[PDB]
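Source file: entry.pdb. Holds: PDB, C-alpha atoms and all ligand atoms.
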```pdb
ATOM      1  CA  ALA P   1     184.109  50.575 -41.275  1.00  0.00           C
ATOM      2  CA  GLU P   2     183.081  48.152 -38.565  1.00  0.00           C
ATOM      3  CA  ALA P   3     186.007  49.332 -36.442  1.00  0.00           C
ATOM      4  CA  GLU P   4     184.869  52.940 -36.618  1.00  0.00           C
ATOM      5  CA  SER P   5     181.311  51.759 -35.968  1.00  0.00           C
ATOM      6  CA  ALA P   6     182.259  49.903 -32.794  1.00  0.00           C
ATOM      7  CA  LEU P   7     184.126  52.906 -31.398  1.00  0.00           C
ATOM      8  CA  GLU P   8     181.079  55.032 -32.100  1.00  0.00           C
ATOM      9  CA  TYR P   9     178.816  52.516 -30.362  1.00  0.00           C
ATOM     10  CA  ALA P  10     181.238  52.079 -27.468  1.00  0.00           C
ATOM     11  CA  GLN P  11     181.258  55.842 -27.033  1.00  0.00           C
ATOM     12  CA  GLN P  12     177.452  55.771 -26.933  1.00  0.00           C
ATOM     13  CA  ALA P  13     177.601  53.082 -24.242  1.00  0.00           C
ATOM     14  CA  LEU P  14     180.153  55.111 -22.275  1.00  0.00           C
ATOM     15  CA  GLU P  15     177.961  58.207 -22.377  1.00  0.00           C
ATOM     16  CA  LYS P  16     174.913  56.152 -21.351  1.00  0.00           C
ATOM     17  CA  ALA P  17     177.020  54.863 -18.470  1.00  0.00           C
ATOM     18  CA  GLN P  18     178.071  58.305 -17.287  1.00  0.00           C
ATOM     19  CA  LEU P  19     174.428  59.331 -17.014  1.00  0.00           C
ATOM     20  CA  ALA P  20     173.881  56.352 -14.732  1.00  0.00           C
ATOM     21  CA  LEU P  21     176.829  57.333 -12.541  1.00  0.00           C
ATOM     22  CA  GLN P  22     175.855  60.943 -11.980  1.00  0.00           C
ATOM     23  CA  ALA P  23     172.336  59.874 -11.071  1.00  0.00           C
ATOM     24  CA  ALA P  24     173.828  57.321  -8.698  1.00  0.00           C
ATOM     25  CA  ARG P  25     176.222  59.944  -7.336  1.00  0.00           C
ATOM     26  CA  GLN P  26     173.331  62.288  -6.548  1.00  0.00           C
ATOM     27  CA  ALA P  27     171.352  59.488  -4.912  1.00  0.00           C
ATOM     28  CA  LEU P  28     174.328  58.870  -2.608  1.00  0.00           C
ATOM     29  CA  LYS P  29     173.518  62.201  -0.977  1.00  0.00           C
ATOM     30  CA  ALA P  30     169.910  61.213  -0.289  1.00  0.00           C
TER      31      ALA P  30
ATOM     32  CA  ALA U   1     166.801  52.007  -4.845  1.00  0.00           C
ATOM     33  CA  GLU U   2     167.146  54.167  -7.914  1.00  0.00           C
ATOM     34  CA  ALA U   3     170.876  54.094  -7.236  1.00  0.00           C
ATOM     35  CA  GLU U   4     170.423  50.342  -7.514  1.00  0.00           C
ATOM     36  CA  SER U   5     168.905  50.559 -10.992  1.00  0.00           C
ATOM     37  CA  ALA U   6     171.401  53.260 -11.940  1.00  0.00           C
ATOM     38  CA  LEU U   7     174.356  51.101 -10.903  1.00  0.00           C
ATOM     39  CA  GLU U   8     173.004  48.007 -12.600  1.00  0.00           C
ATOM     40  CA  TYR U   9     172.331  50.018 -15.757  1.00  0.00           C
ATOM     41  CA  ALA U  10     175.858  51.413 -15.684  1.00  0.00           C
ATOM     42  CA  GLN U  11     177.514  48.007 -15.323  1.00  0.00           C
ATOM     43  CA  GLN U  12     175.585  46.723 -18.339  1.00  0.00           C
ATOM     44  CA  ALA U  13     176.533  49.733 -20.455  1.00  0.00           C
ATOM     45  CA  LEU U  14     180.215  49.121 -19.730  1.00  0.00           C
ATOM     46  CA  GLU U  15     179.938  45.512 -20.876  1.00  0.00           C
ATOM     47  CA  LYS U  16     178.426  46.684 -24.158  1.00  0.00           C
ATOM     48  CA  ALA U  17     181.232  49.229 -24.267  1.00  0.00           C
ATOM     49  CA  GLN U  18     183.718  46.451 -23.500  1.00  0.00           C
ATOM     50  CA  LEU U  19     182.644  43.825 -26.034  1.00  0.00           C
ATOM     51  CA  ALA U  20     182.365  46.405 -28.813  1.00  0.00           C
ATOM     52  CA  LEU U  21     185.823  47.720 -27.972  1.00  0.00           C
ATOM     53  CA  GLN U  22     187.127  44.179 -28.259  1.00  0.00           C
ATOM     54  CA  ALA U  23     185.807  43.886 -31.796  1.00  0.00           C
ATOM     55  CA  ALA U  24     187.485  47.208 -32.561  1.00  0.00           C
ATOM     56  CA  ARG U  25     190.921  46.215 -31.273  1.00  0.00           C
ATOM     57  CA  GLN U  26     190.577  43.061 -33.353  1.00  0.00           C
ATOM     58  CA  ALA U  27     189.940  45.032 -36.559  1.00  0.00           C
ATOM     59  CA  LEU U  28     193.134  47.005 -35.998  1.00  0.00           C
ATOM     60  CA  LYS U  29     195.366  43.953 -36.238  1.00  0.00           C
ATOM     61  CA  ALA U  30     193.593  43.170 -39.527  1.00  0.00           C
TER      62      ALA U  30
ATOM     63  CA  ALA T   1     181.095  56.546   2.057  1.00  0.00           C
ATOM     64  CA  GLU T   2     183.218  53.990   0.278  1.00  0.00           C
ATOM     65  CA  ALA T   3     180.473  53.904  -2.337  1.00  0.00           C
ATOM     66  CA  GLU T   4     181.211  57.610  -2.618  1.00  0.00           C
ATOM     67  CA  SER T   5     184.890  57.047  -3.389  1.00  0.00           C
ATOM     68  CA  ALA T   6     184.000  54.087  -5.597  1.00  0.00           C
ATOM     69  CA  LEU T   7     181.562  56.163  -7.649  1.00  0.00           C
ATOM     70  CA  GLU T   8     183.929  59.095  -7.948  1.00  0.00           C
ATOM     71  CA  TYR T   9     186.733  56.741  -8.978  1.00  0.00           C
ATOM     72  CA  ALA T  10     184.499  55.139 -11.592  1.00  0.00           C
ATOM     73  CA  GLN T  11     183.454  58.446 -13.154  1.00  0.00           C
ATOM     74  CA  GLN T  12     187.103  59.454 -13.520  1.00  0.00           C
ATOM     75  CA  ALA T  13     188.047  56.140 -15.120  1.00  0.00           C
ATOM     76  CA  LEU T  14     185.328  56.597 -17.740  1.00  0.00           C
ATOM     77  CA  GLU T  15     186.650  60.038 -18.647  1.00  0.00           C
ATOM     78  CA  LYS T  16     190.107  58.554 -19.185  1.00  0.00           C
ATOM     79  CA  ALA T  17     188.368  55.837 -21.176  1.00  0.00           C
ATOM     80  CA  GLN T  18     186.465  58.521 -23.088  1.00  0.00           C
ATOM     81  CA  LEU T  19     189.310  60.863 -24.035  1.00  0.00           C
ATOM     82  CA  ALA T  20     191.540  57.970 -25.089  1.00  0.00           C
ATOM     83  CA  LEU T  21     188.734  56.550 -27.212  1.00  0.00           C
ATOM     84  CA  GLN T  22     188.428  59.930 -28.885  1.00  0.00           C
ATOM     85  CA  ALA T  23     192.070  59.850 -29.914  1.00  0.00           C
ATOM     86  CA  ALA T  24     191.476  56.355 -31.277  1.00  0.00           C
ATOM     87  CA  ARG T  25     188.475  57.278 -33.422  1.00  0.00           C
ATOM     88  CA  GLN T  26     190.558  60.152 -34.759  1.00  0.00           C
ATOM     89  CA  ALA T  27     193.383  57.830 -35.853  1.00  0.00           C
ATOM     90  CA  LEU T  28     190.915  55.739 -37.841  1.00  0.00           C
ATOM     91  CA  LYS T  29     189.990  58.582 -40.169  1.00  0.00           C
ATOM     92  CA  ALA T  30     193.734  59.048 -40.754  1.00  0.00           C
TER      93      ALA T  30
ATOM     94  CA  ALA A   1     200.256  52.119 -33.185  1.00  0.00           C
ATOM     95  CA  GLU A   2     198.844  54.935 -31.099  1.00  0.00           C
ATOM     96  CA  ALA A   3     195.330  53.849 -32.067  1.00  0.00           C
ATOM     97  CA  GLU A   4     195.907  50.331 -30.788  1.00  0.00           C
ATOM     98  CA  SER A   5     197.564  51.817 -27.703  1.00  0.00           C
ATOM     99  CA  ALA A   6     194.574  54.001 -26.863  1.00  0.00           C
ATOM    100  CA  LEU A   7     192.151  51.088 -27.166  1.00  0.00           C
ATOM    101  CA  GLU A   8     194.376  49.094 -24.849  1.00  0.00           C
ATOM    102  CA  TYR A   9     194.481  51.956 -22.345  1.00  0.00           C
ATOM    103  CA  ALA A  10     190.752  52.603 -22.670  1.00  0.00           C
ATOM    104  CA  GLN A  11     190.143  48.935 -21.948  1.00  0.00           C
ATOM    105  CA  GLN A  12     192.316  49.269 -18.839  1.00  0.00           C
ATOM    106  CA  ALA A  13     190.240  52.267 -17.744  1.00  0.00           C
ATOM    107  CA  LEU A  14     187.017  50.346 -18.393  1.00  0.00           C
ATOM    108  CA  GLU A  15     188.191  47.414 -16.289  1.00  0.00           C
ATOM    109  CA  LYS A  16     189.303  49.779 -13.508  1.00  0.00           C
ATOM    110  CA  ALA A  17     185.826  51.289 -13.698  1.00  0.00           C
ATOM    111  CA  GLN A  18     184.027  47.966 -13.411  1.00  0.00           C
ATOM    112  CA  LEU A  19     185.892  47.226 -10.191  1.00  0.00           C
ATOM    113  CA  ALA A  20     184.577  50.504  -8.812  1.00  0.00           C
ATOM    114  CA  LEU A  21     181.008  49.623  -9.784  1.00  0.00           C
ATOM    115  CA  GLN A  22     180.896  46.187  -8.209  1.00  0.00           C
ATOM    116  CA  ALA A  23     182.315  47.594  -4.990  1.00  0.00           C
ATOM    117  CA  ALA A  24     179.692  50.329  -5.143  1.00  0.00           C
ATOM    118  CA  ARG A  25     177.010  47.751  -5.938  1.00  0.00           C
ATOM    119  CA  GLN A  26     177.931  45.724  -2.854  1.00  0.00           C
ATOM    120  CA  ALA A  27     177.968  48.836  -0.675  1.00  0.00           C
ATOM    121  CA  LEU A  28     174.398  49.550  -1.810  1.00  0.00           C
ATOM    122  CA  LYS A  29     173.346  46.518   0.217  1.00  0.00           C
ATOM    123  CA  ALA A  30     174.990  47.821   3.390  1.00  0.00           C
TER     124      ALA A  30
HETATM  125  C1  LIG P 101     165.542  57.800 -13.119  1.00  0.00           C
HETATM  126  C2  LIG P 101     165.286  56.528 -12.607  1.00  0.00           C
HETATM  127  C3  LIG P 101     164.089  56.045 -13.198  1.00  0.00           C
HETATM  128  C4  LIG P 101     163.652  57.011 -14.084  1.00  0.00           C
HETATM  129  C5  LIG P 101     164.522  58.105 -14.033  1.00  0.00           C
HETATM  130  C6  LIG P 101     164.806  58.866 -15.270  1.00  0.00           C
HETATM  131  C7  LIG P 101     166.171  59.272 -15.563  1.00  0.00           C
HETATM  132  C8  LIG P 101     167.211  58.953 -14.666  1.00  0.00           C
HETATM  133  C9  LIG P 101     166.908  58.205 -13.414  1.00  0.00           C
HETATM  134  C10 LIG P 101     167.937  57.342 -13.187  1.00  0.00           C
HETATM  135  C11 LIG P 101     167.665  56.028 -12.697  1.00  0.00           C
HETATM  136  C12 LIG P 101     166.326  55.634 -12.422  1.00  0.00           C
HETATM  137  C13 LIG P 101     166.195  54.284 -12.754  1.00  0.00           C
HETATM  138  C14 LIG P 101     165.012  53.802 -13.298  1.00  0.00           C
HETATM  139  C15 LIG P 101     163.955  54.679 -13.537  1.00  0.00           C
HETATM  140  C16 LIG P 101     163.361  54.323 -14.765  1.00  0.00           C
HETATM  141  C17 LIG P 101     162.906  55.293 -15.606  1.00  0.00           C
HETATM  142  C18 LIG P 101     163.037  56.649 -15.301  1.00  0.00           C
HETATM  143  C19 LIG P 101     163.317  57.399 -16.516  1.00  0.00           C
HETATM  144  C20 LIG P 101     164.207  58.482 -16.483  1.00  0.00           C
HETATM  145  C21 LIG P 101     165.129  58.663 -17.515  1.00  0.00           C
HETATM  146  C22 LIG P 101     166.360  59.155 -16.926  1.00  0.00           C
HETATM  147  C23 LIG P 101     167.562  58.689 -17.396  1.00  0.00           C
HETATM  148  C24 LIG P 101     168.576  58.374 -16.526  1.00  0.00           C
HETATM  149  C25 LIG P 101     168.390  58.513 -15.139  1.00  0.00           C
HETATM  150  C26 LIG P 101     168.882  57.500 -14.240  1.00  0.00           C
HETATM  151  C27 LIG P 101     169.524  56.380 -14.757  1.00  0.00           C
HETATM  152  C28 LIG P 101     169.284  55.098 -14.239  1.00  0.00           C
HETATM  153  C29 LIG P 101     168.328  54.931 -13.187  1.00  0.00           C
HETATM  154  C30 LIG P 101     167.451  53.837 -13.234  1.00  0.00           C
HETATM  155  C31 LIG P 101     167.464  52.898 -14.346  1.00  0.00           C
HETATM  156  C32 LIG P 101     166.272  52.459 -14.901  1.00  0.00           C
HETATM  157  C33 LIG P 101     165.037  52.888 -14.390  1.00  0.00           C
HETATM  158  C34 LIG P 101     163.993  53.216 -15.272  1.00  0.00           C
HETATM  159  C35 LIG P 101     164.185  53.109 -16.677  1.00  0.00           C
HETATM  160  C36 LIG P 101     163.703  54.064 -17.526  1.00  0.00           C
HETATM  161  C37 LIG P 101     163.060  55.170 -17.007  1.00  0.00           C
HETATM  162  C38 LIG P 101     163.335  56.496 -17.532  1.00  0.00           C
HETATM  163  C39 LIG P 101     164.262  56.668 -18.572  1.00  0.00           C
HETATM  164  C40 LIG P 101     165.158  57.749 -18.586  1.00  0.00           C
HETATM  165  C41 LIG P 101     166.387  57.282 -19.088  1.00  0.00           C
HETATM  166  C42 LIG P 101     167.601  57.733 -18.512  1.00  0.00           C
HETATM  167  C43 LIG P 101     168.660  56.853 -18.290  1.00  0.00           C
HETATM  168  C44 LIG P 101     169.252  57.210 -17.053  1.00  0.00           C
HETATM  169  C45 LIG P 101     169.724  56.251 -16.207  1.00  0.00           C
HETATM  170  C46 LIG P 101     169.568  54.905 -16.538  1.00  0.00           C
HETATM  171  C47 LIG P 101     169.305  54.161 -15.344  1.00  0.00           C
HETATM  172  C48 LIG P 101     168.398  53.067 -15.401  1.00  0.00           C
HETATM  173  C49 LIG P 101     167.753  52.739 -16.593  1.00  0.00           C
HETATM  174  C50 LIG P 101     166.453  52.314 -16.330  1.00  0.00           C
HETATM  175  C51 LIG P 101     165.442  52.659 -17.186  1.00  0.00           C
HETATM  176  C52 LIG P 101     165.717  53.393 -18.383  1.00  0.00           C
HETATM  177  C53 LIG P 101     164.684  54.241 -18.623  1.00  0.00           C
HETATM  178  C54 LIG P 101     164.947  55.501 -19.132  1.00  0.00           C
HETATM  179  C55 LIG P 101     166.243  55.888 -19.438  1.00  0.00           C
HETATM  180  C56 LIG P 101     167.264  55.030 -19.209  1.00  0.00           C
HETATM  181  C57 LIG P 101     168.513  55.511 -18.626  1.00  0.00           C
HETATM  182  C58 LIG P 101     168.946  54.554 -17.739  1.00  0.00           C
HETATM  183  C59 LIG P 101     168.013  53.474 -17.755  1.00  0.00           C
HETATM  184  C60 LIG P 101     166.995  53.775 -18.668  1.00  0.00           C
HETATM  185  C1  LIG P 102     188.111  49.828  -0.983  1.00  0.00           C
HETATM  186  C2  LIG P 102     187.935  51.170  -0.645  1.00  0.00           C
HETATM  187  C3  LIG P 102     189.149  51.650  -0.088  1.00  0.00           C
HETATM  188  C4  LIG P 102     190.056  50.609  -0.126  1.00  0.00           C
HETATM  189  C5  LIG P 102     189.429  49.476  -0.654  1.00  0.00           C
HETATM  190  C6  LIG P 102     190.206  48.544  -1.502  1.00  0.00           C
HETATM  191  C7  LIG P 102     189.609  48.015  -2.717  1.00  0.00           C
HETATM  192  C8  LIG P 102     188.294  48.377  -3.074  1.00  0.00           C
HETATM  193  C9  LIG P 102     187.515  49.300  -2.201  1.00  0.00           C
HETATM  194  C10 LIG P 102     186.782  50.115  -3.007  1.00  0.00           C
HETATM  195  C11 LIG P 102     186.634  51.497  -2.674  1.00  0.00           C
HETATM  196  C12 LIG P 102     187.230  52.009  -1.489  1.00  0.00           C
HETATM  197  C13 LIG P 102     187.663  53.312  -1.751  1.00  0.00           C
HETATM  198  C14 LIG P 102     188.831  53.796  -1.178  1.00  0.00           C
HETATM  199  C15 LIG P 102     189.591  52.966  -0.353  1.00  0.00           C
HETATM  200  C16 LIG P 102     190.952  53.200  -0.634  1.00  0.00           C
HETATM  201  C17 LIG P 102     191.834  52.161  -0.631  1.00  0.00           C
HETATM  202  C18 LIG P 102     191.422  50.850  -0.384  1.00  0.00           C
HETATM  203  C19 LIG P 102     192.184  49.933  -1.218  1.00  0.00           C
HETATM  204  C20 LIG P 102     191.560  48.807  -1.774  1.00  0.00           C
HETATM  205  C21 LIG P 102     191.833  48.434  -3.091  1.00  0.00           C
HETATM  206  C22 LIG P 102     190.601  47.942  -3.675  1.00  0.00           C
HETATM  207  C23 LIG P 102     190.299  48.263  -4.975  1.00  0.00           C
HETATM  208  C24 LIG P 102     189.020  48.620  -5.326  1.00  0.00           C
HETATM  209  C25 LIG P 102     188.006  48.675  -4.354  1.00  0.00           C
HETATM  210  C26 LIG P 102     187.059  49.761  -4.358  1.00  0.00           C
HETATM  211  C27 LIG P 102     187.169  50.760  -5.319  1.00  0.00           C
HETATM  212  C28 LIG P 102     186.979  52.111  -4.991  1.00  0.00           C
HETATM  213  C29 LIG P 102     186.708  52.475  -3.634  1.00  0.00           C
HETATM  214  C30 LIG P 102     187.337  53.609  -3.097  1.00  0.00           C
HETATM  215  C31 LIG P 102     188.284  54.393  -3.874  1.00  0.00           C
HETATM  216  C32 LIG P 102     189.464  54.834  -3.294  1.00  0.00           C
HETATM  217  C33 LIG P 102     189.755  54.557  -1.950  1.00  0.00           C
HETATM  218  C34 LIG P 102     191.059  54.188  -1.580  1.00  0.00           C
HETATM  219  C35 LIG P 102     192.083  54.099  -2.563  1.00  0.00           C
HETATM  220  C36 LIG P 102     192.987  53.076  -2.545  1.00  0.00           C
HETATM  221  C37 LIG P 102     192.877  52.091  -1.584  1.00  0.00           C
HETATM  222  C38 LIG P 102     193.050  50.693  -1.938  1.00  0.00           C
HETATM  223  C39 LIG P 102     193.327  50.328  -3.264  1.00  0.00           C
HETATM  224  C40 LIG P 102     192.738  49.198  -3.854  1.00  0.00           C
HETATM  225  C41 LIG P 102     192.446  49.514  -5.194  1.00  0.00           C
HETATM  226  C42 LIG P 102     191.236  49.062  -5.777  1.00  0.00           C
HETATM  227  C43 LIG P 102     190.489  49.892  -6.614  1.00  0.00           C
HETATM  228  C44 LIG P 102     189.122  49.660  -6.326  1.00  0.00           C
HETATM  229  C45 LIG P 102     188.225  50.687  -6.338  1.00  0.00           C
HETATM  230  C46 LIG P 102     188.672  51.986  -6.579  1.00  0.00           C
HETATM  231  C47 LIG P 102     187.916  52.894  -5.770  1.00  0.00           C
HETATM  232  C48 LIG P 102     188.570  54.029  -5.215  1.00  0.00           C
HETATM  233  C49 LIG P 102     189.931  54.241  -5.431  1.00  0.00           C
HETATM  234  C50 LIG P 102     190.515  54.782  -4.288  1.00  0.00           C
HETATM  235  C51 LIG P 102     191.779  54.396  -3.927  1.00  0.00           C
HETATM  236  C52 LIG P 102     192.530  53.497  -4.748  1.00  0.00           C
HETATM  237  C53 LIG P 102     193.278  52.695  -3.947  1.00  0.00           C
HETATM  238  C54 LIG P 102     193.449  51.365  -4.291  1.00  0.00           C
HETATM  239  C55 LIG P 102     192.904  50.858  -5.461  1.00  0.00           C
HETATM  240  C56 LIG P 102     192.173  51.669  -6.260  1.00  0.00           C
HETATM  241  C57 LIG P 102     190.935  51.187  -6.863  1.00  0.00           C
HETATM  242  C58 LIG P 102     190.028  52.219  -6.821  1.00  0.00           C
HETATM  243  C59 LIG P 102     190.664  53.347  -6.219  1.00  0.00           C
HETATM  244  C60 LIG P 102     191.979  52.998  -5.892  1.00  0.00           C
END
```
Go ahead and render the structure in this file as structure tokens.
Amino acid sequence: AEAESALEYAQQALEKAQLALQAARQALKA
Amino acid sequence: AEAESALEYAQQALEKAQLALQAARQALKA
Amino acid sequence: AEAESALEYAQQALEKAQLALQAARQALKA
Amino acid sequence: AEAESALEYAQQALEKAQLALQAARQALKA
């Protein structure tokens, strides 16, 4: 269970991260 | 500026993604 | 400029991290 | 096996990504 719960959480974290990137990518235009 | 906060946010999210993933790989060997 | 290439590189790496992770979560339910 | 091989690869990708971030973070100083 915990294994499948970490992979779910880690996916969450990864999707949170990709938000941050695209925002940062847009800012790089500025 | 925002790209700052976006990049810092992203790095954190990956660490949470990393440490969780490490628990997961551990469960597999169990 | 380099931050450009660094950000683009990072976004790609996360996608490879994402799609692999999706295969992994799938194996768990098996 | 494949499950434990994806998590290994996804960890690789995550570590590749974190290189890209820190480089990008330093560039943000400029
Ligand atoms: C905006 C910036 C700020 C605003 C913009 C909003 C969105 C997005 C950007 C942007 C980055 C900014 C700034 C920064 C603030 C600020 C605000 C603003 C809101 C907005 C939301 C989104 C949205 C993303 C966007 C990124 C992007 C990052 C950028 C950073 C910081 C930083 C920080 C603040 C803060 C707030 C907060 C809001 C929240 C929204 C979301 C998400 C998330 C996106 C991320 C994240 C980055 C990150 C943080 C925090 C933080 C969080 C939080 C909210 C979250 C959330 C997310 C992230 C958080 C965090
Ligand atoms: C440097 C930039 C460029 C040089 C600097 C070198 C290192 C780092 C940065 C930096 C980013 C740059 C540029 C860009 C080139 C360029 C070069 C330079 C070399 C260097 C290595 C590292 C190092 C990281 C560093 C980041 C950082 C990103 C930045 C981007 C691009 C981009 C691109 C080139 C290219 C080459 C190549 C070299 C290689 C090294 C490593 C790693 C990796 C780091 C990453 C990655 C980012 C990314 C890409 C590619 C790519 C790759 C590759 C090499 C790899 C590798 C990595 C990444 C690749 C990729």
Go through the chains and note each residue within 12 Å of ligand LIG 101 (chain P), using all atoms listed in the file, then give the set as number ranges by chain. P: 13, 15-27; U: 1-13
Would you save the residues from that selection as an mmCIF file, in the frame of the given file, using C-alpha atoms?
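part_3.cif, written as the output of this step:
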```
data_model
loop_
_atom_site.group_PDB
_atom_site.id
_atom_site.type_symbol
_atom_site.label_atom_id
_atom_site.label_comp_id
_atom_site.auth_asym_id
_atom_site.auth_seq_id
_atom_site.Cartn_x
_atom_site.Cartn_y
_atom_site.Cartn_z
ATOM 1 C CA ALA P 13 177.601 53.082 -24.242
ATOM 2 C CA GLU P 15 177.961 58.207 -22.377
ATOM 3 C CA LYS P 16 174.913 56.152 -21.351
ATOM 4 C CA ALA P 17 177.020 54.863 -18.470
ATOM 5 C CA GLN P 18 178.071 58.305 -17.287
ATOM 6 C CA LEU P 19 174.428 59.331 -17.014
ATOM 7 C CA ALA P 20 173.881 56.352 -14.732
ATOM 8 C CA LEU P 21 176.829 57.333 -12.541
ATOM 9 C CA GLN P 22 175.855 60.943 -11.980
ATOM 10 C CA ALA P 23 172.336 59.874 -11.071
ATOM 11 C CA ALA P 24 173.828 57.321 -8.698
ATOM 12 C CA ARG P 25 176.222 59.944 -7.336
ATOM 13 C CA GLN P 26 173.331 62.288 -6.548
ATOM 14 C CA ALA P 27 171.352 59.488 -4.912
ATOM 15 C CA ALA U 1 166.801 52.007 -4.845
ATOM 16 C CA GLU U 2 167.146 54.167 -7.914
ATOM 17 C CA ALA U 3 170.876 54.094 -7.236
ATOM 18 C CA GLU U 4 170.423 50.342 -7.514
ATOM 19 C CA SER U 5 168.905 50.559 -10.992
ATOM 20 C CA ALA U 6 171.401 53.260 -11.940
ATOM 21 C CA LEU U 7 174.356 51.101 -10.903
ATOM 22 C CA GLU U 8 173.004 48.007 -12.600
ATOM 23 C CA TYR U 9 172.331 50.018 -15.757
ATOM 24 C CA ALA U 10 175.858 51.413 -15.684
ATOM 25 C CA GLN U 11 177.514 48.007 -15.323
ATOM 26 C CA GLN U 12 175.585 46.723 -18.339
ATOM 27 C CA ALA U 13 176.533 49.733 -20.455
#
```
Would you compute, for all listed atoms of range 1-19 of chain A, the axis-aligned bounding box grown by 6 Å on each side, and then report its centre and edge lengths in Å rounded to one decimal, as JSON?
```
{"center_x": 192.1, "center_y": 51.1, "center_z": -21.7, "size_x": 28.2, "size_y": 19.7, "size_z": 35.0}
```
Can you give me chain T superposed onto chain P, least-squares on all Cα in order, written as a tab-separated table (two decimals) with C-alpha atoms, keeping the file's coordinate frame?
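So the final result, stored in part-v1.tsv, reads:
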```tsv
chain	number	residue	atom	x	y	z
T	1	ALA	CA	184.81	50.52	-41.14
T	2	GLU	CA	183.47	48.11	-38.57
T	3	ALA	CA	186.02	49.61	-36.20
T	4	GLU	CA	184.21	52.85	-36.98
T	5	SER	CA	180.83	51.49	-35.89
T	6	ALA	CA	182.47	49.71	-32.95
T	7	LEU	CA	184.11	52.92	-31.74
T	8	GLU	CA	180.97	54.98	-32.19
T	9	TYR	CA	178.95	52.33	-30.37
T	10	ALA	CA	181.46	52.31	-27.52
T	11	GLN	CA	181.42	56.08	-27.06
T	12	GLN	CA	177.62	56.04	-26.81
T	13	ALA	CA	177.64	53.23	-24.26
T	14	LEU	CA	180.00	55.22	-22.04
T	15	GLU	CA	177.69	58.23	-22.12
T	16	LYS	CA	174.80	56.02	-20.98
T	17	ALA	CA	177.19	54.66	-18.38
T	18	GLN	CA	178.14	58.22	-17.45
T	19	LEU	CA	174.70	59.80	-17.08
T	20	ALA	CA	173.38	56.83	-15.10
T	21	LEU	CA	176.40	56.99	-12.81
T	22	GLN	CA	175.63	60.65	-12.23
T	23	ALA	CA	172.14	59.82	-11.03
T	24	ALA	CA	173.69	57.22	-8.73
T	25	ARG	CA	176.20	59.58	-7.11
T	26	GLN	CA	173.31	61.98	-6.57
T	27	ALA	CA	171.26	59.36	-4.70
T	28	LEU	CA	174.15	58.78	-2.31
T	29	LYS	CA	174.11	62.32	-0.98
T	30	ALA	CA	170.38	61.83	-0.36
```
To one decimal place, how far is CA of residue 14 in chain T from CA of residue 14 in chain P in Å?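 Atom-to-atom, CA of residue 14 in chain T and CA of residue 14 in chain P are spaced 7.0 Å apart.
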